[PDB]
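Student: This is the structure, below, for whatever I ask next.
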Amino acid sequence: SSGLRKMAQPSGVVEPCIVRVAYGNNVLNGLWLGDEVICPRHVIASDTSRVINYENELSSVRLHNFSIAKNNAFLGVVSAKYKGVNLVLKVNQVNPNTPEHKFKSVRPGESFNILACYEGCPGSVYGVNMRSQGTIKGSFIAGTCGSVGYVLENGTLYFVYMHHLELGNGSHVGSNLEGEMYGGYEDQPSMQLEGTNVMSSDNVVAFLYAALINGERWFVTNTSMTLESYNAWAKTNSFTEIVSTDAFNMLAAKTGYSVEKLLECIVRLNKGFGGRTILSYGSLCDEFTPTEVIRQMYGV
Amino acid sequence: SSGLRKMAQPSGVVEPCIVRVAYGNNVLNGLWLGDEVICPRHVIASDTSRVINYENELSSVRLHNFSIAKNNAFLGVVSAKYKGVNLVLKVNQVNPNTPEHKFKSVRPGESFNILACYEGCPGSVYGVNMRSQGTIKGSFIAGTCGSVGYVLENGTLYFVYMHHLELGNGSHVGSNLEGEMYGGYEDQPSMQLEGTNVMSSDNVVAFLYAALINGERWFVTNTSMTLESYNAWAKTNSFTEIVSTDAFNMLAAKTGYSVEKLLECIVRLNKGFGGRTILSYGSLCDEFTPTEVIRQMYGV
Amino acid sequence: XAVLX
Amino acid sequence: XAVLX
Ligand SMILES: [Zn+2]
Ligand SMILES: [Zn+2]
């Protein structure tokens with residue numbers, strides 16, 4: 001008996017890269033790699049409630065107002081620049097704890113980690129999952145602007161997210177580190193609205209395999225749905241189409257349930273759980289990948 | 001619109017203390033502080049499926065079989081000893097990244113962090129909550145024995161947990177670092193069974209304040225329950241008794257709902273949610289303290 | 001309706 | 001029924 005809960009990858013390699021960036025009385029988080037610091041550009045905005053002429057506020061910038069802090073280090077800004085919706089400041093000191101790292105964008109359905117930091121100080125760590133409309137469900141308290149998302153693979157450190165705005169439904173929009181905004185949302189306090197997120201079928205199937213593994217089986221049906229019928233239904237029901245059974249073939253033989261059988265479950269269960277629960281959830285979550293599920297039920 | 005999800009405190013100060021401890025082909029995690037390493041004693045057991053004469057296996061121990069590893073360091077065991085259900089090995093090297101730290105036991109209802117580590121290598125970070133029967137709901141994959149629990153306050157680092165056994169219902173039993181087992185469970189593959197956990201009313205009330213803050217109100221009643229009636233009911237229903245309204249007095253004025261009103265909710269809602277959800281949960285969770293809830297809805 | 005964090 | 005991790 002296991003249960004299915006988000007975990008985050010350890011934050012130690014990341015924490016020494018998180019700096020306090022202040023300008024005037026604007027304080028937010030920044031990312032310190034090499035002799036550069038990356039942060040959201042609004043730290044220079046005179047105001048953040050109507051549209052800012054950002055190119056004018058770059059001409060307007062004064063380097064002595066910058067107060068960038070990290071431990072015992074005070075970092076002097078040599079120069080300032082934009083890379084998309086973020087600032088790139090060159091500083092006079094190289095981060096002595098710079099890890100090997102890379103930048104990439106996380107794709108819809110993929111899990112990664114948020115290191116939520118209040119004005120320089122890392123505060124908490126948790127797992128999230130990028131959604132098709134380019135938003136996430138964070139917990140971003142005021143103070144955490146510029147907080148950083150990352151994922152570790154092989155074990156290459158990828159920086160994937162930097163936190164920017166909150167939409168009316170509470171969805172959170174960040175940029176990657178090349179400074180492109182997820183979902184294409186502009187860096188302005190304008191009327192912007194989130195579309196509809198397409199559910200990750202791969203993730204939902206993983207979720208259901210987890211429940212079976214756990215010994216939860218009440219939702220399993222006396223019937224099934226072919227891969228090509230599911231995709232035809234998926235297309236008109238805001239679910240992604242399934243390419244291959246292949247990533248599920250271990251999970252399938254280990255439970256004895258085919259993917260075909262979990263496809264029909266997705267269709268019926270989407271109409272509601274009817275008051276019952278699966279792994280204590282009230283509905284299908286698509287936040288766990290097949291990789292996450294395997295790793296926590298079986299290991300490695 | 002926020003939602004209510006576990007977060008963990010950053011793991012960076014902890015990670016450099018986690019060592020790989022091997023003896024023969026026994027591998028598990030150990031905690032490296034100063035010139036000492038703390039780990040579960042079973043790494044010396046010849047076998048872990050029937051009762052071990054642990055005092056005999058201490059006389060039997062051979063120091064050259066110890067393979068303790070951390071980064072580029074190999075730590076030679078100077079001496080070995082028991083402190084309860086854990087080993088205390090003195091090594092020939094002092095951990096150069098030892099943080100200021102303390103040991104304490106976490107109490108029932110309190111949240112803390114698990115750094116789950118596979119044979120030396122930290123793997124994930126997540127929040128848990130100690131339960132009255134001295135067990136927790138971890139995700140402990142084989143390999144993670146001796147994984148370490150901690151909590152940060154003020155910001156003093158407390159080490160509070162080291163992982164030992166799994167019970168039949170999947171409940172997880174660890175020790176503190178003085179080597180006393182939570183719940184009083186003996187360090188043996190014996191028939192042991194978890195009693196009934198008493199729910200933390202303080203936590204459940206916090207949970208409900210979170211939902212109200214979030215704008216979820218369907219469960220609020222036209223009536224209420226006095227503090228002294230609740231405690232009388234709590235005593236016979238496996239809930240803790242509430243001492244004071246005081247930790248809720250901000251949350252109370254901010255929602256406009258008194259604790260008295262959320263007490264009656266606890267009584268009715270305990271009979272079932274009737275198919276609906278609160279903050280997407282299917283029932284009352286007592287895993288979030290009033291402190292956690294405030295901090296994530298309001299900050300600091 | 002977008003609020004700058 | 002207790003399994004040693
Ligand atoms: Zn922005
Ligand atoms: Zn043990």
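By convention in this document, the chains of the structure tokens carry letters A, B, ... by their order, each chain's residues are numbered from 1, and ligands are numbered from 1 in the order they are shown.
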Once chain B is superposed on chain A with a least-squares fit on all C-alpha pairs taken in order, can you show it as an mmCIF file with C-alpha atoms, in the first residue's frame?
Tutor:
data_model
loop_
_atom_site.group_PDB
_atom_site.id
_atom_site.type_symbol
_atom_site.label_atom_id
_atom_site.label_comp_id
_atom_site.auth_asym_id
_atom_site.auth_seq_id
_atom_site.Cartn_x
_atom_site.Cartn_y
_atom_site.Cartn_z
ATOM 1 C CA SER B 1 0.000 0.000 0.000
ATOM 2 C CA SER B 2 1.781 3.098 -1.304
ATOM 3 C CA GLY B 3 -0.346 6.083 -2.388
ATOM 4 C CA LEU B 4 0.591 8.496 -5.183
ATOM 5 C CA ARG B 5 2.079 11.848 -4.265
ATOM 6 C CA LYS B 6 4.369 14.427 -5.869
ATOM 7 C CA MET B 7 8.001 14.360 -4.925
ATOM 8 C CA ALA B 8 10.632 16.899 -5.891
ATOM 9 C CA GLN B 9 14.271 16.287 -6.804
ATOM 10 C CA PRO B 10 16.736 17.604 -4.141
ATOM 11 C CA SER B 11 17.432 21.334 -4.417
ATOM 12 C CA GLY B 12 21.047 21.513 -3.290
ATOM 13 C CA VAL B 13 22.774 22.188 -6.619
ATOM 14 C CA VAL B 14 20.261 24.941 -7.345
ATOM 15 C CA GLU B 15 20.136 26.839 -4.029
ATOM 16 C CA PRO B 16 23.612 28.388 -4.319
ATOM 17 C CA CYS B 17 22.545 29.961 -7.634
ATOM 18 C CA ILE B 18 19.579 31.839 -6.239
ATOM 19 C CA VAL B 19 20.372 35.477 -5.565
ATOM 20 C CA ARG B 20 18.541 38.424 -4.086
ATOM 21 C CA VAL B 21 18.076 41.083 -6.774
ATOM 22 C CA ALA B 22 16.940 44.552 -5.731
ATOM 23 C CA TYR B 23 16.517 47.825 -7.641
ATOM 24 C CA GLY B 24 15.101 50.808 -5.784
ATOM 25 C CA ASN B 25 12.600 49.061 -3.525
ATOM 26 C CA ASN B 26 11.895 46.357 -6.087
ATOM 27 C CA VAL B 27 13.072 43.008 -4.718
ATOM 28 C CA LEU B 28 12.819 39.653 -6.467
ATOM 29 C CA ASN B 29 14.814 36.462 -7.099
ATOM 30 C CA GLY B 30 17.560 36.026 -9.652
ATOM 31 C CA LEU B 31 19.629 33.173 -11.024
ATOM 32 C CA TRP B 32 23.425 33.501 -10.636
ATOM 33 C CA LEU B 33 25.419 31.403 -13.111
ATOM 34 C CA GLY B 34 29.006 32.195 -14.094
ATOM 35 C CA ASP B 35 29.504 35.966 -14.077
ATOM 36 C CA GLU B 36 25.849 36.572 -15.014
ATOM 37 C CA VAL B 37 22.567 36.976 -13.181
ATOM 38 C CA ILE B 38 19.193 36.272 -14.813
ATOM 39 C CA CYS B 39 15.996 37.820 -13.428
ATOM 40 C CA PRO B 40 12.552 39.068 -14.525
ATOM 41 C CA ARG B 41 12.820 42.502 -16.112
ATOM 42 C CA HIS B 42 10.087 44.164 -13.997
ATOM 43 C CA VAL B 43 12.556 44.758 -11.207
ATOM 44 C CA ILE B 44 13.404 47.882 -13.255
ATOM 45 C CA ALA B 45 9.786 48.864 -13.972
ATOM 46 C CA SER B 46 8.744 52.087 -12.253
ATOM 47 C CA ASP B 47 5.372 50.424 -11.775
ATOM 48 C CA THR B 48 3.799 47.049 -12.437
ATOM 49 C CA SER B 49 0.064 47.718 -12.806
ATOM 50 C CA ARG B 50 -0.134 49.220 -16.301
ATOM 51 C CA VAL B 51 1.845 48.612 -19.493
ATOM 52 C CA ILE B 52 5.535 49.486 -19.222
ATOM 53 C CA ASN B 53 7.696 50.783 -22.069
ATOM 54 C CA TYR B 54 10.452 48.327 -21.258
ATOM 55 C CA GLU B 55 12.929 49.565 -23.851
ATOM 56 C CA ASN B 56 12.681 53.026 -22.267
ATOM 57 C CA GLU B 57 13.290 51.629 -18.779
ATOM 58 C CA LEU B 58 16.476 49.955 -20.052
ATOM 59 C CA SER B 59 17.844 53.312 -21.222
ATOM 60 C CA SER B 60 16.720 54.656 -17.844
ATOM 61 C CA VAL B 61 18.562 52.070 -15.737
ATOM 62 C CA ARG B 62 21.008 53.149 -13.025
ATOM 63 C CA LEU B 63 23.582 50.577 -11.881
ATOM 64 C CA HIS B 64 24.134 51.982 -8.383
ATOM 65 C CA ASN B 65 20.499 51.242 -7.441
ATOM 66 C CA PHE B 66 21.118 47.540 -7.991
ATOM 67 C CA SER B 67 21.454 45.683 -4.699
ATOM 68 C CA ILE B 68 22.250 42.048 -5.583
ATOM 69 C CA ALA B 69 23.079 39.805 -2.629
ATOM 70 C CA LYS B 70 24.140 36.167 -2.108
ATOM 71 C CA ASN B 71 25.549 34.990 1.218
ATOM 72 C CA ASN B 72 28.623 37.103 1.996
ATOM 73 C CA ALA B 73 28.839 38.318 -1.603
ATOM 74 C CA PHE B 74 27.612 41.634 -2.961
ATOM 75 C CA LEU B 75 27.603 41.558 -6.757
ATOM 76 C CA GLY B 76 28.199 44.786 -8.683
ATOM 77 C CA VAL B 77 26.383 45.060 -11.990
ATOM 78 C CA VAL B 78 28.884 45.616 -14.769
ATOM 79 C CA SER B 79 26.198 45.802 -17.467
ATOM 80 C CA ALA B 80 22.465 45.210 -18.087
ATOM 81 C CA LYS B 81 20.488 43.788 -21.009
ATOM 82 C CA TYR B 82 17.287 42.027 -22.061
ATOM 83 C CA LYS B 83 16.972 38.439 -23.176
ATOM 84 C CA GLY B 84 13.235 38.305 -23.752
ATOM 85 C CA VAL B 85 11.146 38.958 -20.656
ATOM 86 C CA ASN B 86 14.206 38.605 -18.404
ATOM 87 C CA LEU B 87 17.191 40.738 -17.505
ATOM 88 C CA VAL B 88 20.718 39.528 -18.017
ATOM 89 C CA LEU B 89 23.094 41.369 -15.697
ATOM 90 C CA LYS B 90 26.857 40.882 -15.931
ATOM 91 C CA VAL B 91 28.402 41.033 -12.467
ATOM 92 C CA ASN B 92 31.987 41.437 -11.233
ATOM 93 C CA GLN B 93 32.104 38.032 -9.526
ATOM 94 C CA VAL B 94 31.900 34.507 -10.846
ATOM 95 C CA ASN B 95 29.654 32.125 -8.838
ATOM 96 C CA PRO B 96 32.144 29.715 -7.195
ATOM 97 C CA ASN B 97 29.418 27.090 -6.911
ATOM 98 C CA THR B 98 28.220 27.133 -10.529
ATOM 99 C CA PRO B 99 27.097 23.575 -11.409
ATOM 100 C CA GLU B 100 27.289 21.987 -14.842
ATOM 101 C CA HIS B 101 23.944 23.014 -16.321
ATOM 102 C CA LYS B 102 21.825 23.472 -19.419
ATOM 103 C CA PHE B 103 18.716 25.316 -20.486
ATOM 104 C CA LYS B 104 15.746 23.732 -22.128
ATOM 105 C CA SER B 105 12.014 24.184 -22.256
ATOM 106 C CA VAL B 106 9.779 21.689 -20.508
ATOM 107 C CA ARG B 107 6.996 20.244 -22.713
ATOM 108 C CA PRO B 108 3.285 19.816 -21.930
ATOM 109 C CA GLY B 109 2.826 16.828 -19.650
ATOM 110 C CA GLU B 110 6.373 16.845 -18.294
ATOM 111 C CA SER B 111 7.099 17.038 -14.577
ATOM 112 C CA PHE B 112 9.710 19.365 -13.114
ATOM 113 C CA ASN B 113 10.667 21.045 -9.829
ATOM 114 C CA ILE B 114 9.968 24.509 -8.404
ATOM 115 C CA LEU B 115 12.369 26.014 -5.909
ATOM 116 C CA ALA B 116 10.189 28.780 -4.428
ATOM 117 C CA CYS B 117 12.368 31.589 -3.050
ATOM 118 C CA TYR B 118 11.384 34.713 -1.133
ATOM 119 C CA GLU B 119 13.611 37.641 -2.127
ATOM 120 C CA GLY B 120 16.815 35.610 -2.354
ATOM 121 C CA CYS B 121 15.988 33.039 0.300
ATOM 122 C CA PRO B 122 14.948 29.584 -1.014
ATOM 123 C CA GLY B 123 11.863 28.541 0.894
ATOM 124 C CA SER B 124 10.336 25.322 -0.404
ATOM 125 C CA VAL B 125 10.626 22.565 -3.015
ATOM 126 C CA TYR B 126 7.842 20.704 -4.847
ATOM 127 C CA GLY B 127 6.925 18.987 -8.101
ATOM 128 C CA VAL B 128 4.795 20.447 -10.859
ATOM 129 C CA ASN B 129 3.817 19.603 -14.403
ATOM 130 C CA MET B 130 3.705 21.875 -17.445
ATOM 131 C CA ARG B 131 0.284 22.125 -19.051
ATOM 132 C CA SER B 132 -0.560 22.566 -22.749
ATOM 133 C CA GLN B 133 -1.706 26.169 -22.332
ATOM 134 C CA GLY B 134 1.770 26.889 -20.977
ATOM 135 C CA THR B 135 0.691 27.419 -17.389
ATOM 136 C CA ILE B 136 1.328 25.593 -14.137
ATOM 137 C CA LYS B 137 -0.354 25.204 -10.745
ATOM 138 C CA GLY B 138 2.231 26.657 -8.431
ATOM 139 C CA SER B 139 2.120 27.958 -4.915
ATOM 140 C CA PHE B 140 3.646 31.381 -5.562
ATOM 141 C CA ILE B 141 3.330 33.719 -2.583
ATOM 142 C CA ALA B 142 4.105 37.406 -3.182
ATOM 143 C CA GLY B 143 7.896 37.628 -2.946
ATOM 144 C CA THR B 144 8.664 34.627 -5.128
ATOM 145 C CA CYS B 145 8.945 36.372 -8.500
ATOM 146 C CA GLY B 146 11.835 34.958 -10.468
ATOM 147 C CA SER B 147 11.723 31.657 -8.568
ATOM 148 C CA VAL B 148 13.347 28.924 -10.543
ATOM 149 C CA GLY B 149 12.225 25.660 -12.073
ATOM 150 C CA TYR B 150 14.566 22.807 -12.871
ATOM 151 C CA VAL B 151 14.759 19.121 -13.684
ATOM 152 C CA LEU B 152 17.645 16.638 -13.356
ATOM 153 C CA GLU B 153 18.324 13.982 -16.005
ATOM 154 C CA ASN B 154 21.370 11.655 -16.167
ATOM 155 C CA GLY B 155 22.172 13.641 -13.953
ATOM 156 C CA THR B 156 22.362 16.722 -16.100
ATOM 157 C CA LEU B 157 20.907 19.796 -14.449
ATOM 158 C CA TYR B 158 18.407 21.622 -16.693
ATOM 159 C CA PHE B 159 17.067 25.039 -15.781
ATOM 160 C CA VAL B 160 13.595 25.245 -17.292
ATOM 161 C CA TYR B 161 11.514 27.886 -15.546
ATOM 162 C CA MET B 162 11.554 31.397 -14.080
ATOM 163 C CA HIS B 163 8.441 32.746 -12.445
ATOM 164 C CA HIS B 164 6.604 35.799 -13.801
ATOM 165 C CA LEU B 165 2.815 36.252 -13.655
ATOM 166 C CA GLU B 166 -0.474 34.954 -12.191
ATOM 167 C CA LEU B 167 -3.676 34.800 -14.208
ATOM 168 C CA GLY B 168 -7.188 35.337 -12.863
ATOM 169 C CA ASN B 169 -7.898 31.629 -12.391
ATOM 170 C CA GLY B 170 -4.704 31.346 -10.375
ATOM 171 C CA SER B 171 -2.742 29.681 -13.163
ATOM 172 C CA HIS B 172 0.942 30.579 -13.079
ATOM 173 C CA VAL B 173 2.931 31.672 -16.144
ATOM 174 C CA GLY B 174 6.709 31.676 -16.172
ATOM 175 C CA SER B 175 9.354 31.957 -18.838
ATOM 176 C CA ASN B 176 12.203 29.657 -19.769
ATOM 177 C CA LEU B 177 15.728 31.055 -19.374
ATOM 178 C CA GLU B 178 16.192 32.090 -22.976
ATOM 179 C CA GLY B 179 13.492 34.517 -21.852
ATOM 180 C CA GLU B 180 10.541 33.224 -23.875
ATOM 181 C CA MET B 181 7.253 33.096 -22.013
ATOM 182 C CA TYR B 182 5.438 29.783 -21.728
ATOM 183 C CA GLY B 183 2.115 29.836 -23.543
ATOM 184 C CA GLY B 184 3.106 33.028 -25.363
ATOM 185 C CA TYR B 185 1.676 35.336 -22.695
ATOM 186 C CA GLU B 186 3.044 38.867 -22.830
ATOM 187 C CA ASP B 187 4.966 40.292 -19.880
ATOM 188 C CA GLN B 188 2.283 42.890 -19.090
ATOM 189 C CA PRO B 189 -0.478 43.502 -16.547
ATOM 190 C CA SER B 190 -2.942 43.209 -19.421
ATOM 191 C CA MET B 191 -6.170 41.280 -19.872
ATOM 192 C CA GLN B 192 -4.888 37.826 -20.592
ATOM 193 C CA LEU B 193 -6.810 34.633 -20.305
ATOM 194 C CA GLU B 194 -5.903 30.943 -20.256
ATOM 195 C CA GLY B 195 -7.347 28.646 -22.901
ATOM 196 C CA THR B 196 -8.225 25.018 -22.301
ATOM 197 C CA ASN B 197 -5.611 22.526 -21.266
ATOM 198 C CA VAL B 198 -5.456 19.247 -23.096
ATOM 199 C CA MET B 199 -5.062 16.367 -20.647
ATOM 200 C CA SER B 200 -2.035 14.075 -20.961
ATOM 201 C CA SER B 201 -3.429 10.595 -21.653
ATOM 202 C CA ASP B 202 0.039 9.049 -21.070
ATOM 203 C CA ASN B 203 0.044 10.513 -17.581
ATOM 204 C CA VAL B 204 -3.546 9.494 -16.828
ATOM 205 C CA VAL B 205 -2.900 5.896 -17.917
ATOM 206 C CA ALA B 206 0.170 5.928 -15.580
ATOM 207 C CA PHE B 207 -2.031 7.193 -12.748
ATOM 208 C CA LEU B 208 -4.403 4.261 -13.292
ATOM 209 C CA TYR B 209 -1.548 1.712 -13.408
ATOM 210 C CA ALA B 210 -0.395 3.135 -10.055
ATOM 211 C CA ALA B 211 -3.862 2.502 -8.569
ATOM 212 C CA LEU B 212 -3.941 -1.073 -9.860
ATOM 213 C CA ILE B 213 -0.463 -1.673 -8.449
ATOM 214 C CA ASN B 214 -1.720 -0.256 -5.176
ATOM 215 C CA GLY B 215 -4.543 -2.827 -5.305
ATOM 216 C CA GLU B 216 -7.311 -0.370 -6.288
ATOM 217 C CA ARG B 217 -9.488 -1.957 -8.998
ATOM 218 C CA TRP B 218 -13.134 -0.902 -8.613
ATOM 219 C CA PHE B 219 -12.955 1.232 -11.774
ATOM 220 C CA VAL B 220 -11.825 -1.594 -14.058
ATOM 221 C CA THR B 221 -14.426 -2.477 -16.691
ATOM 222 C CA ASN B 222 -15.582 -5.670 -18.431
ATOM 223 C CA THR B 223 -14.691 -4.003 -21.757
ATOM 224 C CA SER B 224 -11.978 -1.995 -23.521
ATOM 225 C CA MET B 225 -11.095 0.582 -26.167
ATOM 226 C CA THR B 226 -8.712 0.213 -29.112
ATOM 227 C CA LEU B 227 -5.851 2.674 -29.435
ATOM 228 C CA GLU B 228 -7.367 4.183 -32.607
ATOM 229 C CA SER B 229 -10.830 4.632 -31.078
ATOM 230 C CA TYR B 230 -9.377 6.335 -28.034
ATOM 231 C CA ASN B 231 -7.392 8.839 -30.138
ATOM 232 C CA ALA B 232 -10.517 9.573 -32.192
ATOM 233 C CA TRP B 233 -12.366 10.280 -28.935
ATOM 234 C CA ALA B 234 -9.361 12.070 -27.406
ATOM 235 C CA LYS B 235 -9.272 14.552 -30.296
ATOM 236 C CA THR B 236 -12.757 15.909 -29.438
ATOM 237 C CA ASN B 237 -12.457 15.700 -25.654
ATOM 238 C CA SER B 238 -9.297 17.707 -24.890
ATOM 239 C CA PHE B 239 -7.078 14.624 -24.322
ATOM 240 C CA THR B 240 -3.801 13.975 -26.106
ATOM 241 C CA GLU B 241 -3.619 11.062 -28.564
ATOM 242 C CA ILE B 242 -1.596 7.971 -27.573
ATOM 243 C CA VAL B 243 1.296 7.117 -29.905
ATOM 244 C CA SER B 244 2.479 3.779 -28.503
ATOM 245 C CA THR B 245 1.691 1.111 -25.868
ATOM 246 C CA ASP B 246 5.446 0.662 -25.505
ATOM 247 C CA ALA B 247 6.192 2.794 -22.426
ATOM 248 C CA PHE B 248 3.404 0.888 -20.665
ATOM 249 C CA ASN B 249 4.391 -2.645 -21.598
ATOM 250 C CA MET B 250 6.085 -3.369 -18.266
ATOM 251 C CA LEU B 251 3.227 -1.805 -16.304
ATOM 252 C CA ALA B 252 0.770 -3.780 -18.433
ATOM 253 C CA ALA B 253 2.307 -7.232 -17.805
ATOM 254 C CA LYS B 254 2.873 -6.470 -14.117
ATOM 255 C CA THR B 255 -0.783 -5.657 -13.447
ATOM 256 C CA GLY B 256 -2.231 -7.928 -16.111
ATOM 257 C CA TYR B 257 -4.273 -5.020 -17.494
ATOM 258 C CA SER B 258 -3.797 -3.916 -21.093
ATOM 259 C CA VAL B 259 -3.663 -0.251 -22.094
ATOM 260 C CA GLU B 260 -6.780 -0.896 -24.181
ATOM 261 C CA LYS B 261 -8.655 -1.629 -20.939
ATOM 262 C CA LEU B 262 -7.393 1.557 -19.218
ATOM 263 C CA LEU B 263 -8.402 3.594 -22.275
ATOM 264 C CA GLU B 264 -12.109 2.755 -21.790
ATOM 265 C CA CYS B 265 -11.718 3.584 -18.101
ATOM 266 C CA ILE B 266 -10.488 7.028 -19.031
ATOM 267 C CA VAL B 267 -13.586 7.563 -21.166
ATOM 268 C CA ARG B 268 -16.060 6.429 -18.491
ATOM 269 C CA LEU B 269 -14.210 7.923 -15.524
ATOM 270 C CA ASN B 270 -14.039 11.295 -17.330
ATOM 271 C CA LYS B 271 -17.795 11.503 -16.880
ATOM 272 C CA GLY B 272 -17.173 11.590 -13.118
ATOM 273 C CA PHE B 273 -15.931 9.289 -10.347
ATOM 274 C CA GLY B 274 -19.439 8.958 -8.969
ATOM 275 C CA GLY B 275 -18.399 9.877 -5.457
ATOM 276 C CA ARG B 276 -15.713 7.213 -5.082
ATOM 277 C CA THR B 277 -11.948 7.900 -5.207
ATOM 278 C CA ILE B 278 -8.861 6.587 -6.988
ATOM 279 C CA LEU B 279 -5.616 6.824 -5.010
ATOM 280 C CA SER B 280 -7.653 9.333 -2.922
ATOM 281 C CA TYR B 281 -8.082 11.703 -5.888
ATOM 282 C CA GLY B 282 -11.553 12.939 -6.844
ATOM 283 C CA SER B 283 -10.842 12.764 -10.564
ATOM 284 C CA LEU B 284 -8.241 11.909 -13.166
ATOM 285 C CA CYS B 285 -4.989 13.814 -12.557
ATOM 286 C CA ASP B 286 -2.546 13.913 -15.439
ATOM 287 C CA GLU B 287 0.313 15.176 -13.334
ATOM 288 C CA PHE B 288 2.365 11.952 -12.993
ATOM 289 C CA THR B 289 4.380 10.628 -15.903
ATOM 290 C CA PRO B 290 4.861 6.889 -16.600
ATOM 291 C CA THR B 291 8.487 7.407 -15.461
ATOM 292 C CA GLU B 292 7.535 8.962 -12.099
ATOM 293 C CA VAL B 293 5.014 6.158 -11.413
ATOM 294 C CA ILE B 294 7.460 3.325 -12.187
ATOM 295 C CA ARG B 295 10.194 4.983 -10.128
ATOM 296 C CA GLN B 296 8.085 5.237 -7.026
ATOM 297 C CA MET B 297 6.398 1.855 -7.169
ATOM 298 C CA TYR B 298 9.521 -0.106 -8.235
ATOM 299 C CA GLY B 299 12.548 2.160 -7.851
ATOM 300 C CA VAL B 300 15.963 2.667 -9.514
#
